[PDB]
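Below is run37.cif, holding mmCIF, C-alpha atoms and all ligand atoms.
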data_data
loop_
_atom_site.label_atom_id
_atom_site.label_comp_id
_atom_site.auth_asym_id
_atom_site.auth_seq_id
_atom_site.Cartn_x
_atom_site.Cartn_y
_atom_site.Cartn_z
CA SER A 1 0.00 0.00 0.00
CA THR A 2 0.82 3.69 -0.24
CA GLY A 3 -0.62 7.00 0.92
CA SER A 4 -0.21 10.58 -0.27
CA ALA A 5 -1.61 13.68 1.43
CA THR A 6 -1.19 17.41 0.92
CA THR A 7 0.10 19.40 3.88
CA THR A 8 -0.73 23.12 4.14
CA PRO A 9 0.85 25.98 6.14
CA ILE A 10 -1.47 27.24 8.89
CA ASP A 11 -0.55 30.88 8.26
CA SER A 12 1.50 33.23 6.11
CA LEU A 13 4.71 32.49 8.05
CA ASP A 14 4.68 28.68 7.76
CA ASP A 15 4.48 28.45 11.56
CA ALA A 16 3.21 24.90 11.18
CA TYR A 17 1.64 22.60 8.61
CA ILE A 18 -1.66 20.74 8.79
CA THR A 19 -2.61 17.53 6.99
CA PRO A 20 -6.15 16.13 6.74
CA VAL A 21 -6.60 12.79 8.52
CA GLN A 22 -9.68 10.55 8.41
CA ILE A 23 -10.61 9.04 11.78
CA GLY A 24 -13.42 6.58 12.50
CA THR A 25 -16.51 5.26 10.71
CA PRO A 26 -18.05 7.27 9.10
CA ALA A 27 -14.89 9.31 8.62
CA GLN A 28 -14.29 12.33 10.82
CA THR A 29 -11.69 14.50 9.11
CA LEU A 30 -9.33 16.39 11.41
CA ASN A 31 -6.39 18.55 10.40
CA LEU A 32 -3.35 17.29 12.26
CA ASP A 33 0.19 18.57 12.73
CA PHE A 34 2.48 15.76 11.48
CA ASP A 35 5.36 15.75 13.93
CA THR A 36 8.53 13.71 13.35
CA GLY A 37 9.70 14.89 16.79
CA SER A 38 7.06 13.07 18.83
CA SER A 39 5.20 9.76 18.80
CA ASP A 40 1.64 10.35 19.98
CA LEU A 41 -1.41 10.70 17.75
CA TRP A 42 -3.73 12.88 19.81
CA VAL A 43 -6.83 14.89 18.95
CA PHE A 44 -9.20 17.52 20.25
CA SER A 45 -12.32 15.57 21.08
CA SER A 46 -15.79 15.52 22.59
CA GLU A 47 -13.93 14.77 25.84
CA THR A 48 -11.80 17.92 25.82
CA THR A 49 -12.58 20.46 28.57
CA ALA A 50 -15.06 22.83 26.91
CA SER A 51 -13.25 26.02 27.92
CA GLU A 52 -10.08 24.72 26.24
CA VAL A 53 -11.65 24.25 22.82
CA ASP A 54 -11.75 27.34 20.55
CA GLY A 55 -12.57 26.62 16.92
CA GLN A 56 -10.92 23.21 16.54
CA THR A 57 -12.69 20.30 14.87
CA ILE A 58 -13.24 17.57 17.43
CA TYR A 59 -13.21 13.78 17.24
CA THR A 60 -16.35 12.23 18.73
CA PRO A 61 -15.65 8.54 19.38
CA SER A 62 -19.30 7.85 20.27
CA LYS A 63 -20.20 8.64 16.65
CA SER A 64 -17.67 6.16 15.25
CA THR A 65 -18.86 2.57 14.87
CA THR A 66 -15.25 1.34 14.82
CA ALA A 67 -14.08 3.25 17.92
CA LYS A 68 -13.29 1.19 21.01
CA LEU A 69 -12.10 2.46 24.37
CA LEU A 70 -8.61 1.21 25.16
CA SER A 71 -9.54 0.32 28.72
CA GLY A 72 -7.32 1.81 31.41
CA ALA A 73 -4.99 3.59 29.00
CA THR A 74 -4.03 7.21 29.65
CA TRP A 75 -1.53 9.57 28.08
CA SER A 76 0.21 12.77 29.04
CA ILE A 77 2.75 14.66 27.01
CA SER A 78 4.81 17.79 27.49
CA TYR A 79 6.64 19.28 24.53
CA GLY A 80 9.89 21.23 24.27
CA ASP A 81 8.09 24.55 23.80
CA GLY A 82 6.27 24.17 27.12
CA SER A 83 2.97 22.99 25.66
CA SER A 84 1.13 19.94 26.96
CA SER A 85 -1.94 17.75 26.68
CA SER A 86 -3.39 14.60 28.23
CA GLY A 87 -6.35 12.24 28.22
CA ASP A 88 -7.50 8.71 27.50
CA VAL A 89 -7.28 6.44 24.47
CA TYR A 90 -9.45 4.86 21.81
CA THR A 91 -8.50 2.54 19.00
CA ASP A 92 -10.07 3.36 15.66
CA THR A 93 -9.53 3.35 11.92
CA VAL A 94 -7.19 6.09 10.71
CA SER A 95 -6.51 6.95 7.09
CA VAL A 96 -3.97 9.36 5.65
CA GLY A 97 -4.09 10.14 1.94
CA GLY A 98 -5.67 6.79 1.09
CA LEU A 99 -3.51 4.68 3.41
CA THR A 100 -5.58 2.99 6.12
CA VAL A 101 -4.59 1.61 9.53
CA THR A 102 -7.09 -0.29 11.64
CA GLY A 103 -6.73 -0.37 15.42
CA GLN A 104 -4.68 2.81 15.58
CA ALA A 105 -4.35 4.34 19.03
CA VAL A 106 -6.21 7.66 18.88
CA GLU A 107 -5.39 9.62 22.03
CA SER A 108 -8.37 11.70 23.06
CA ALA A 109 -7.51 14.97 24.80
CA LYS A 110 -9.24 15.72 28.08
CA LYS A 111 -6.86 18.62 28.76
CA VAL A 112 -4.76 20.85 26.49
CA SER A 113 -2.50 23.81 27.30
CA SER A 114 -3.29 27.35 26.19
CA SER A 115 -1.00 27.21 23.16
CA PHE A 116 -3.13 24.45 21.65
CA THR A 117 -6.42 26.16 22.50
CA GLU A 118 -5.16 29.37 20.90
CA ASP A 119 -4.31 27.61 17.63
CA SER A 120 -7.72 27.13 16.00
CA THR A 121 -6.26 25.54 12.87
CA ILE A 122 -4.60 22.54 14.53
CA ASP A 123 -6.97 19.75 15.59
CA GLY A 124 -4.23 17.54 17.02
CA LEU A 125 -0.83 16.01 16.37
CA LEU A 126 0.24 12.90 14.49
CA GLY A 127 3.59 11.70 15.80
CA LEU A 128 6.13 10.18 13.43
CA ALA A 129 9.16 9.73 15.68
CA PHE A 130 9.94 6.27 17.03
CA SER A 131 7.28 4.46 19.03
CA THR A 132 9.62 4.20 22.03
CA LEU A 133 8.65 7.83 22.80
CA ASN A 134 4.89 7.14 22.88
CA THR A 135 3.41 8.26 26.21
CA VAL A 136 0.45 5.88 26.53
CA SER A 137 0.43 4.05 29.87
CA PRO A 138 0.44 1.26 30.98
CA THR A 139 0.68 -0.16 27.45
CA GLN A 140 2.81 1.90 25.07
CA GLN A 141 1.22 2.34 21.63
CA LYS A 142 2.63 2.38 18.10
CA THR A 143 2.72 5.36 15.74
CA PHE A 144 0.65 5.47 12.57
CA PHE A 145 3.84 4.84 10.55
CA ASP A 146 4.89 1.84 12.65
CA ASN A 147 1.42 0.30 12.32
CA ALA A 148 1.36 0.93 8.56
CA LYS A 149 4.95 -0.17 7.94
CA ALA A 150 4.50 -3.86 7.11
CA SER A 151 1.73 -3.08 4.63
CA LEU A 152 3.63 -0.30 2.84
CA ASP A 153 5.31 -1.00 -0.50
CA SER A 154 8.49 0.34 1.12
CA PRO A 155 8.94 1.07 4.85
CA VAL A 156 9.40 4.82 4.29
CA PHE A 157 7.63 8.15 4.45
CA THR A 158 8.72 11.42 2.88
CA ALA A 159 8.30 15.06 3.81
CA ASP A 160 8.14 17.67 1.08
CA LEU A 161 7.22 20.89 2.83
CA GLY A 162 6.50 24.05 0.87
CA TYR A 163 7.79 27.55 1.42
CA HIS A 164 4.68 29.72 1.79
CA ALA A 165 2.89 26.96 -0.13
CA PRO A 166 1.37 23.50 0.30
CA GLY A 167 3.52 20.39 0.18
CA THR A 168 3.23 16.63 0.47
CA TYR A 169 3.58 13.73 2.91
CA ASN A 170 3.96 10.39 1.12
CA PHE A 171 3.88 6.96 2.73
CA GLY A 172 5.39 3.81 1.28
CA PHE A 173 7.07 5.22 -1.83
CA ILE A 174 9.59 7.76 -3.03
CA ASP A 175 8.28 10.16 -5.70
CA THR A 176 11.28 10.50 -8.02
CA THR A 177 9.66 13.50 -9.74
CA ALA A 178 9.55 15.51 -6.51
CA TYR A 179 13.26 16.35 -6.21
CA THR A 180 16.30 17.33 -8.27
CA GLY A 181 19.60 15.47 -8.45
CA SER A 182 20.14 12.56 -6.09
CA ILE A 183 19.04 11.75 -2.55
CA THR A 184 21.93 11.59 -0.09
CA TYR A 185 21.32 9.16 2.75
CA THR A 186 22.85 9.58 6.20
CA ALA A 187 22.94 7.44 9.35
CA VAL A 188 20.28 7.73 12.05
CA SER A 189 20.56 7.13 15.79
CA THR A 190 17.33 6.00 17.42
CA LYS A 191 18.86 6.03 20.92
CA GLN A 192 16.76 9.05 21.99
CA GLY A 193 13.71 8.00 19.97
CA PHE A 194 14.23 10.71 17.36
CA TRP A 195 15.29 10.87 13.73
CA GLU A 196 18.71 11.92 14.97
CA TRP A 197 21.54 12.44 12.49
CA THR A 198 24.84 14.31 12.07
CA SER A 199 25.22 17.15 9.60
CA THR A 200 28.68 17.55 8.12
CA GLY A 201 28.84 21.33 8.44
CA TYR A 202 27.55 24.65 7.20
CA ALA A 203 28.08 27.79 5.14
CA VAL A 204 26.67 31.31 5.49
CA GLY A 205 25.67 32.94 2.21
CA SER A 206 28.42 32.65 -0.39
CA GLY A 207 31.01 31.96 2.31
CA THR A 208 33.31 28.96 2.58
CA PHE A 209 31.90 25.70 3.91
CA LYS A 210 32.87 24.88 7.49
CA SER A 211 33.34 21.14 8.02
CA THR A 212 32.07 20.33 11.49
CA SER A 213 29.82 17.63 12.93
CA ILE A 214 26.41 18.89 14.07
CA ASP A 215 24.24 16.29 15.78
CA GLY A 216 20.55 17.09 15.52
CA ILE A 217 17.04 15.84 14.86
CA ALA A 218 14.79 16.10 11.83
CA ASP A 219 11.61 17.54 13.34
CA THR A 220 8.68 18.56 11.13
CA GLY A 221 6.86 19.75 14.25
CA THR A 222 9.42 22.45 15.04
CA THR A 223 9.09 25.69 13.08
CA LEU A 224 12.64 27.00 13.13
CA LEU A 225 16.23 25.85 12.75
CA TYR A 226 18.02 25.53 16.13
CA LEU A 227 21.80 25.22 15.97
CA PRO A 228 24.83 25.73 18.26
CA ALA A 229 25.41 29.33 19.40
CA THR A 230 28.70 29.50 17.49
CA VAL A 231 26.96 28.65 14.21
CA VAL A 232 24.02 30.97 14.85
CA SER A 233 26.31 33.88 15.78
CA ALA A 234 28.30 33.36 12.57
CA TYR A 235 25.07 33.56 10.56
CA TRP A 236 23.58 36.67 12.15
CA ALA A 237 26.94 38.47 12.09
CA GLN A 238 26.37 38.74 8.33
CA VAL A 239 23.15 40.72 8.82
CA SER A 240 23.65 44.40 9.63
CA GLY A 241 21.86 45.31 12.84
CA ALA A 242 20.92 41.76 13.82
CA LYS A 243 21.19 40.95 17.51
CA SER A 244 20.03 38.52 20.16
CA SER A 245 17.24 40.03 22.23
CA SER A 246 16.51 38.51 25.63
CA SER A 247 13.18 40.34 25.82
CA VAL A 248 12.06 38.86 22.49
CA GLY A 249 13.66 35.46 23.09
CA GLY A 250 16.16 35.19 20.27
CA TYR A 251 17.82 36.83 17.30
CA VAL A 252 15.96 39.69 15.64
CA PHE A 253 17.01 41.69 12.60
CA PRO A 254 15.95 44.89 10.83
CA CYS A 255 13.00 44.13 8.55
CA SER A 256 14.80 46.22 5.88
CA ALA A 257 17.60 43.62 5.66
CA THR A 258 18.27 41.14 2.89
CA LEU A 259 19.03 37.79 4.55
CA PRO A 260 21.87 35.55 3.34
CA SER A 261 21.26 31.90 2.55
CA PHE A 262 22.31 29.14 4.93
CA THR A 263 23.80 25.86 3.72
CA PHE A 264 23.94 22.66 5.73
CA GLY A 265 25.88 19.50 4.89
CA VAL A 266 24.43 16.02 4.38
CA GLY A 267 27.46 13.81 3.87
CA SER A 268 29.23 15.34 0.86
CA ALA A 269 25.96 16.91 -0.31
CA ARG A 270 24.69 20.40 0.44
CA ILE A 271 21.20 21.74 1.14
CA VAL A 272 20.77 25.49 0.60
CA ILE A 273 18.17 27.38 2.63
CA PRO A 274 17.30 30.62 0.80
CA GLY A 275 17.51 33.75 2.91
CA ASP A 276 13.75 34.45 2.59
CA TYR A 277 13.05 31.16 4.40
CA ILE A 278 14.76 32.60 7.47
CA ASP A 279 12.43 35.63 7.74
CA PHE A 280 9.59 35.20 10.26
CA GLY A 281 8.39 38.76 10.07
CA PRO A 282 7.73 41.61 12.50
CA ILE A 283 7.98 40.59 16.16
CA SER A 284 4.67 42.42 16.64
CA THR A 285 2.28 44.03 14.15
CA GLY A 286 3.83 47.13 12.62
CA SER A 287 7.28 46.57 14.11
CA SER A 288 10.42 47.09 12.05
CA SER A 289 12.16 44.37 14.04
CA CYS A 290 11.80 40.93 12.45
CA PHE A 291 12.24 37.51 14.04
CA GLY A 292 14.99 35.22 12.74
CA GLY A 293 14.39 31.67 11.51
CA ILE A 294 17.76 30.43 12.75
CA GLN A 295 18.11 30.41 16.52
CA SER A 296 20.44 29.06 19.20
CA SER A 297 19.85 25.55 20.54
CA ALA A 298 21.85 26.33 23.70
CA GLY A 299 18.81 26.24 25.99
CA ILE A 300 17.27 23.10 24.42
CA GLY A 301 19.91 20.42 24.85
CA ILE A 302 19.68 19.31 21.25
CA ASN A 303 20.01 20.79 17.76
CA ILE A 304 16.78 20.78 15.76
CA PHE A 305 16.45 20.77 11.99
CA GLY A 306 12.92 22.14 11.95
CA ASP A 307 10.76 23.31 9.07
CA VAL A 308 13.09 26.16 8.08
CA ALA A 309 15.68 23.52 7.16
CA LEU A 310 13.39 20.69 6.09
CA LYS A 311 11.28 22.77 3.67
CA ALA A 312 14.45 23.45 1.68
CA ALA A 313 14.71 19.72 0.91
CA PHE A 314 12.93 16.56 -0.14
CA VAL A 315 13.34 14.43 2.98
CA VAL A 316 13.14 10.64 3.20
CA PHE A 317 12.41 9.03 6.55
CA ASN A 318 13.61 5.49 5.94
CA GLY A 319 12.15 3.10 8.50
CA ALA A 320 14.10 0.03 7.43
CA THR A 321 15.50 -2.26 10.15
CA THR A 322 18.42 0.14 10.29
CA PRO A 323 16.74 3.52 9.77
CA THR A 324 18.35 6.29 7.73
CA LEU A 325 17.49 9.80 6.56
CA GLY A 326 17.69 11.01 2.97
CA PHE A 327 17.96 14.60 1.73
CA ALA A 328 17.65 15.91 -1.81
CA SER A 329 17.47 19.42 -3.24
CA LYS A 330 14.24 20.27 -5.03
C1 LIG A 401 3.79 20.59 20.09
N1 LIG A 401 4.50 21.68 19.36
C2 LIG A 401 3.72 22.11 18.15
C3 LIG A 401 2.51 22.93 18.49
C4 LIG A 401 1.33 22.78 17.78
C5 LIG A 401 0.22 23.55 18.09
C6 LIG A 401 0.27 24.46 19.11
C7 LIG A 401 1.43 24.61 19.83
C8 LIG A 401 2.55 23.85 19.52
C9 LIG A 401 5.97 21.36 19.05
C10 LIG A 401 6.92 21.69 20.25
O1 LIG A 401 7.92 22.60 19.85
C11 LIG A 401 9.00 21.81 19.34
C12 LIG A 401 8.54 20.37 19.54
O2 LIG A 401 7.61 20.52 20.64
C13 LIG A 401 7.76 19.81 18.35
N2 LIG A 401 8.18 18.40 18.09
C14 LIG A 401 6.27 19.86 18.68
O3 LIG A 401 5.51 19.55 17.52
#

Would you write out, as structure tokens, the structure that this file holds?
Ligand SMILES: CN(Cc1ccccc1)[C@H]1[C@@H]2OC[C@@H](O2)[C@@H](N)[C@@H]1O
Amino acid sequence: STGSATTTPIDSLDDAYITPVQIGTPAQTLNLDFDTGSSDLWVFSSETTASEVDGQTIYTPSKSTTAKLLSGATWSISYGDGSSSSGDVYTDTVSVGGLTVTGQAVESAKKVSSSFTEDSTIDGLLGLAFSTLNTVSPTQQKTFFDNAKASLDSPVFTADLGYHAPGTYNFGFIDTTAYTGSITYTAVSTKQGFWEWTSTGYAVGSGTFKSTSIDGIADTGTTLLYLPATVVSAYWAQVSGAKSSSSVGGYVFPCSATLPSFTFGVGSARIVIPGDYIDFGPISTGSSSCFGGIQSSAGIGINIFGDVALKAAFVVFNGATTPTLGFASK
């Protein structure tokens, strides 16, 4: 089998991407944030505290003839940005872009933090990291990808995120028309449950490439590119007037600036992030200070190749027995 679904930015800044997902019988379509940095599929639901729902589409398991309570199972997750959610669990039929999994754990939110409530366009998350990170207790549950894997033509999914435009998540096949040149594959460590890999270095604009190992994770659920402070300082030093602002929470730059590109290494290959991708606009409406798309990872504990990096590439998440990651230009 295969699946193919379009993923769409939630706003004009590409802050996140939503992908339609069919849950239950008859189908209830929810728009979920596909997140290669976590491993829970959870949704706003008829069980979510009423005051914490503001415009989201909810899953109502009582209206699904294939929904079954996973008795005794609960979940609770806290993300790196300080957001959180928790609840109980159903199993149900879940389809993404024509690919169907029966008996998928659908984690029903009873509680969500303010950041989720305030985002009316995101009806839940669909985790695509390794199932070892799944928070369901006392019986850990598998991701949609893990459940689908044996049935897929190939045990892979791909992320093809657009810049200020829709893109595509494919399951079970590699669309050879979707990228230019060749795909360069690189080793993955699953020791922390992430798609963790090591970039071979970086360049700023037309500058010389710096060969240096940068360990990080491929995370579609993170908006920006988080890299070591040395790297990030070298980038913003090429933008007149750019500075790190404690009050704002990162590097800002004059909105009148033209941003340089940023290149990162994948083995001997190079992925170029255009400067425009690194612009996240005025810090507040009408401000002439703009927020940077490359930020320091120093306060995170891990480097994160988020959407700013990933949208510059065609990315293969290879879930073979020994997983790997592939990057191509496009
Ligand atoms: C749950 N977050 C997305 C989100 C979606 C909607 C509202 C608020 C936040 C992020 C969070 O920031 C980085 C990391 O954790 C990421 N893997 C996760 O997807």

Nearby residues (all atoms listed in the file) at most 12 Å from residue 258 in chain A, same-chain spacing under 3 positions excluded, as a ChimeraX atom specification: /A:205,236,238-242,253-255,261,274-279,290,292

Next, the residues of the selection above should be written as a compact mmCIF listing (two decimals), in the frame of the given file with C-alpha atoms.
# COMPACT_ATOMS: atom_id res chain seq x y z
CA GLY A 205 25.67 32.94 2.21
CA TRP A 236 23.58 36.67 12.15
CA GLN A 238 26.37 38.74 8.33
CA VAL A 239 23.15 40.72 8.82
CA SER A 240 23.65 44.40 9.63
CA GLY A 241 21.86 45.31 12.84
CA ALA A 242 20.92 41.76 13.82
CA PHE A 253 17.01 41.69 12.60
CA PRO A 254 15.95 44.89 10.83
CA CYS A 255 13.00 44.13 8.55
CA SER A 261 21.26 31.90 2.55
CA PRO A 274 17.30 30.62 0.80
CA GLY A 275 17.51 33.75 2.91
CA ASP A 276 13.75 34.45 2.59
CA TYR A 277 13.05 31.16 4.40
CA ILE A 278 14.76 32.60 7.47
CA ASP A 279 12.43 35.63 7.74
CA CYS A 290 11.80 40.93 12.45
CA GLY A 292 14.99 35.22 12.74

Contacts to ligand LIG 401 (chain A) at 6 Å cut-off (all atoms listed in the file) as a PyMOL selection string: chain A and resi 35+37-38+79-81+115-116+119+219+221-222

Computed interatomic separation between CA of residue 167 in chain A and CA of residue 180 in chain A (Å): 15.6 Å

Spatial neighbours of residue 31 in chain A, max dist 9 Å, only C-alpha atoms, sep filter under 5 positions, as a list in words: residues 18, 19, 20, 21, 22, 56, 57, 121, 122, 123, 124 and 125 of chain A

Take the residues from that selection and put them in a file with C-alpha atoms, as an mmCIF file, in the frame of the given file.
data_model
loop_
_atom_site.group_PDB
_atom_site.id
_atom_site.type_symbol
_atom_site.label_atom_id
_atom_site.label_comp_id
_atom_site.auth_asym_id
_atom_site.auth_seq_id
_atom_site.Cartn_x
_atom_site.Cartn_y
_atom_site.Cartn_z
ATOM 1 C CA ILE A 18 -1.660 20.740 8.790
ATOM 2 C CA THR A 19 -2.610 17.530 6.990
ATOM 3 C CA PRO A 20 -6.150 16.130 6.740
ATOM 4 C CA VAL A 21 -6.600 12.790 8.520
ATOM 5 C CA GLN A 22 -9.680 10.550 8.410
ATOM 6 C CA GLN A 56 -10.920 23.210 16.540
ATOM 7 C CA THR A 57 -12.690 20.300 14.870
ATOM 8 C CA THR A 121 -6.260 25.540 12.870
ATOM 9 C CA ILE A 122 -4.600 22.540 14.530
ATOM 10 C CA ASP A 123 -6.970 19.750 15.590
ATOM 11 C CA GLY A 124 -4.230 17.540 17.020
ATOM 12 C CA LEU A 125 -0.830 16.010 16.370
#

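Among A:245, A:303, A:131, A:208, the residue with the shortest atom-to-atom distance to residue 283 in chain A, counting only C-alpha atoms, is A:245.
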
Best match for closeness to residue 14 in chain A among A:291, A:163, A:226, A:305, counting all atoms listed in the file: A:163
